[PDB]
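*Asks:* Structure below; questions to follow.
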Amino acid sequence: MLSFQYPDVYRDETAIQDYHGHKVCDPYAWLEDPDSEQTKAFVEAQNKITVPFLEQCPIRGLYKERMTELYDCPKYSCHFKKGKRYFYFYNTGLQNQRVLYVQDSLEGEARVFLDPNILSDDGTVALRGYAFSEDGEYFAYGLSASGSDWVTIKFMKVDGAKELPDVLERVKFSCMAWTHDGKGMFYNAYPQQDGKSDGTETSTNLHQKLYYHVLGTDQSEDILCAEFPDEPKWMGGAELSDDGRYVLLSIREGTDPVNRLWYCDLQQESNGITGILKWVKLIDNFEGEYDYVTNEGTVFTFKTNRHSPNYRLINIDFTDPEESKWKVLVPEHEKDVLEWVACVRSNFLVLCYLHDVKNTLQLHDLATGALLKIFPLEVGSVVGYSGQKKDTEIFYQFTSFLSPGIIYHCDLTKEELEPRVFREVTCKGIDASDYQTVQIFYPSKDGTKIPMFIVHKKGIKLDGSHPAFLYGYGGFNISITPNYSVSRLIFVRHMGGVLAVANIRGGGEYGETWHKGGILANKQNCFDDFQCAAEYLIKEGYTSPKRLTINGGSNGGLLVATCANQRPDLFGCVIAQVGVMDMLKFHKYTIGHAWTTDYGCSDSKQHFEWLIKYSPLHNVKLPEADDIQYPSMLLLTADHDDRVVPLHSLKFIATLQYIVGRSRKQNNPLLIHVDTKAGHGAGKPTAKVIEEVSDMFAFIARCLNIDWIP
């Protein structure tokens, strides 16, 4: 099987660091410099062995072609209305980037408004964030190059789609909000830094500031409105109130669902926006999340987790703000998580709930919180929604494992609110008739029942003979809900596979207590939950260790790398995308300092003791048992991933190849592919997406020796 040899990779045996009396060697520390010839030569040598391995077998071509055929189907996003026009995103199917269209009415001719495809030859310039002026006549949009988190904000006049001279640089993790006078727009930017700012650098991002740009001026004239010079990690996101009277500032430090909430009454600014605003520090701590829904005068409605881990809606009156005075508008449910809330047609609230990892959508009265209407939905997820305060209608989009998607529309001016199918695209995709989705709850190591979705062909024999693809994430309060994936359905249909998604702790599926159950000292719970999911699939006869693949991206890449270290006997195949591998150093690079609320930080002796036990980079160990080797492993990363710097996967693969790959009993491949002109994932062109997943399933196919099923 293995007719290549791993590259010789220099070990710096002097690279030794003391962590609270514990010595740690880091012989591949030099891979932390993305600009060096050594690092670039390392990447080239790795790609040189991985690429022929993935492309040798005809099944890659078979998968790629089938995927291309199936993607070649027109896809619409949700409509939304802005000012007097309707907008939606559209892709004929294989366009590298989806295109923004505009029409004057719902039944009128649409035309191209913004087409990012014309901004590059290869589709690697992507739309990242946008904001219309309050009247919908002006348009700000972020552009990212090569998948980087770095953004350039450009501007258009909507009528005639006219490009304006205004350009904003050094924008990253920025909210964009226009004042209702139409004068200019708030946004975030970072101060000048040494070296590159194009996504290839590892430089930490600190001292994010809030600025206001007056339309028609140079960025150098922009007003500084808030900064936190004594708190370099703080990030302030601005948002105008629905009536245009208040700027709200949500200050975050880390990724926990908590924020400070300050406000500026813009009518109280002597001479407009001319400097640091008169911030009133309504919530001046990080004990809870306060997510603005709407206001009526000084009565502000927020979604909160303050003493309510499943979330609820409260009203805070700015003229009587003490916590004892807050009114609970919509109380917390015992089990169901309030995911999000929008205000539409003045006095309606749209609440989206998560009930056992499935969405329900409800309409409530703003004045009382009373339930008015349940929007009927099949089992799955709501993944698009539009409808703001002055709108008299909503669109929302439904998706699931076996359903390609339906966009609904509801006219909220009608006495009886019957929603209707607005759009469904009917292509001859995979026939889902012979497949089903089941939800089971399996016991973890500590007895906790964990949800898992299983997608498979009806009436399969549970004899352990099927290839299985087990997906997890497990962190940052993210819920992994049903989602249509062409790539996974090809695995099911043409590779005879079983798909599984485990809703392990760390996620938000059962609210903040689910999240806390999988972070910090309890991070091991995530790994136990996921290994227990694998054991469930095997024990129930869905699959066998040698037929089982696990996959995760980002925090999920960490998940699968750890499970490979901890239970190599349990998996045949492991695909870790853009994973955090160095748990001792992650905080030093770009935005990694923000994840310490989930992971902890190695500067603390306590935290170090948790991290060292699971840090994938520090736990690569040849299995003791003579009959156990590491599973086949593929790491996927990219050279402009400045979310999770590629040095994570670089050092980890060098480590796998030295510690395990050198052993004569290791015959399973341990490989990395580093893509170019790509980043963490968002805005990746369709062409690169197809390349990547074709690589993944080709890797699976040949390591399991699977026949394509026509």
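*Asks:* Just one of the numbered conditions (1) in contact (Cβ under 8 Å) with a residue 40 or more places away in the chain; (2) farther than 30 Å from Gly123 by Cβ is not true of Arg664; which one?
*Replies:* (1)
*Asks:* Mind checking which residues of segment 664-702 are touching a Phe, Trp or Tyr at 6+ places or on another chain (Cβ under 9 Å) and assigned to a loop (DSSP other than H, G, I, E, B)?
*Replies:* Matches in segment 664-702: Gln666, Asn668, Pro669.
*Asks:* Just to verify a result, which residue in segment 662-707, among those that are hydrophobic (A, V, I, L, M, F, W, C) and surrounded by fewer than 16 Cβ atoms within 10 Å (Cβ to Cβ), is nearest to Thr202 (Cα to Cα)? If you could, list the steps in order and put the result at the bottom.
*Replies:* Our first condition is that a residue be hydrophobic (A, V, I, L, M, F, W, C); within segment 662-707, this holds for 670-672, 674, 678, 682, 687, 689-690, 693, 696-701, 703-704, 706.
Then drop every residue that is not surrounded by fewer than 16 Cβ atoms within 10 Å (Cβ to Cβ), which leaves 682, 687.
Working: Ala682: 19, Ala687: 27 Å.
Of everything passing the filter in segment 662-707, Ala682 is nearest to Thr202 (Cα to Cα).
*Asks:* Right, something else. Which of the residues that make up segment 377-431 are of a type in the set (A, V, I, L, M, F, W, C), part of a loop (DSSP other than H, G, I, E, B) and closer than 14 Å to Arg345 by Cα?
*Replies:* In the first step, residues of segment 377-431 are kept if they are of a type in the set (A, V, I, L, M, F, W, C); the result is 377, 379, 382-383, 394-395, 398, 401-402, 406-407, 410, 412, 417, 421-422, 425, 427, 430.
Still in the running and part of a loop (DSSP other than H, G, I, E, B): 377, 379, 401-402, 412, 417, 425, 427, 430.
Listed by number, the residues that qualify are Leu412, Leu417.
*Asks:* Could you grab me the full set of residues in segment 239-270 that are more than 18 Å from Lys303 (Cβ to Cβ) and surrounded by 20 or more Cβ atoms within 10 Å (Cβ to Cβ)?
*Replies:* In the first step, residues of segment 239-270 are kept if they are more than 18 Å from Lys303 (Cβ to Cβ); the result is 243-245, 247, 253-254, 264-270.
Residues satisfying the conditions are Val247, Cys264.
*Asks:* So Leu559 clears everything in (1) crowded, with 24+ Cβ neighbours inside 10 Å; (2) over 17 Å from the mean Cα position of the chain (by Cα); (3) not in a loop (DSSP other than H, G, I, E, B) except one condition, right? Which one?
*Replies:* (2)
*Asks:* Can you list residue pairs whose Cβ atoms sit under 6 Å apart, with the first residue in segment 412-437 being farther than 16 Å from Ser77 by Cα and the second being part of a strand (DSSP E or B) and charged (D, E, K, R)? Count only pairs 6 or more apart in sequence or on different chains.
*Replies:* These pairs meet every condition: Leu412/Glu393; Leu417/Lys373; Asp434/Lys457; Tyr435/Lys457.
*Asks:* Right, something else. Being among the charged types (D, E, K, R) and under 22 Å from the mean Cα position of the chain (by Cα) is the filter; apply it to segment 198-250 and report the residue that is farthest from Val645 (Cα to Cα).
*Replies:* Initial filter on segment 198-250 (among the charged types (D, E, K, R)): 198, 201, 209, 218, 221-222, 227, 230-231, 233, 239, 242-243, 245.
After this cut, where a residue has to be under 22 Å from the mean Cα position of the chain (by Cα) as well, the list is 198, 201, 233, 239.
Values: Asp198: 13, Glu201: 8, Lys233: 18, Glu239: 30 Å.
Per the stated criteria, the residue is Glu239.
Results for (1) buried (at least 19 other Cβ atoms within 10 Å of the Cβ); (2) within 29 Å of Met452 (Cα to Cα), shown as yes or no for each residue.
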residue	(1), (2)
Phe395	yes, no
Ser400	yes, yes
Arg423	no, no
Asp431	no, yes
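*Asks:* Determine whether segment 457-472 contains at least one residue that is exposed (fewer than 14 other Cβ atoms within 10 Å of the Cβ), farther than 30 Å from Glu609 by Cα, touching a residue at least 40 places away in the same chain (Cβ under 8 Å) and polar (S, T, N, Q).
*Replies:* Yes, segment 457-472 has at least one match.
*Asks:* Mind checking which residues of segment 60-99 are among the polar types (S, T, N, Q) and either buried (at least 17 other Cβ atoms within 10 Å of the Cβ) or free of Cβ contacts under 8 Å to residues at least 24 places away in the same chain (or both)?
*Replies:* Narrowing segment 60-99 to residues among the polar types (S, T, N, Q): 68, 77, 91-92, 95-97.
Passing the criteria: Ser77, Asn91, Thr92, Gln95, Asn96, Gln97.
*Asks:* Turning to a different aspect of this structure: As an exercise: evaluate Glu201 against (1) out of contact with any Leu (no Cβ under 9 Å at 6 or more places or on another chain); (2) free of Cβ contacts under 8 Å to residues at least 24 places away in the same chain and give the number of the one condition it does not meet.
*Replies:* (2)
Read-outs: derived from the displayed coordinates by stated rules, not from any lab. With ideal geometry, Cβ positions are generated from the backbone for all residues, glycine too; neighbour counts draw on all protein chains shown.
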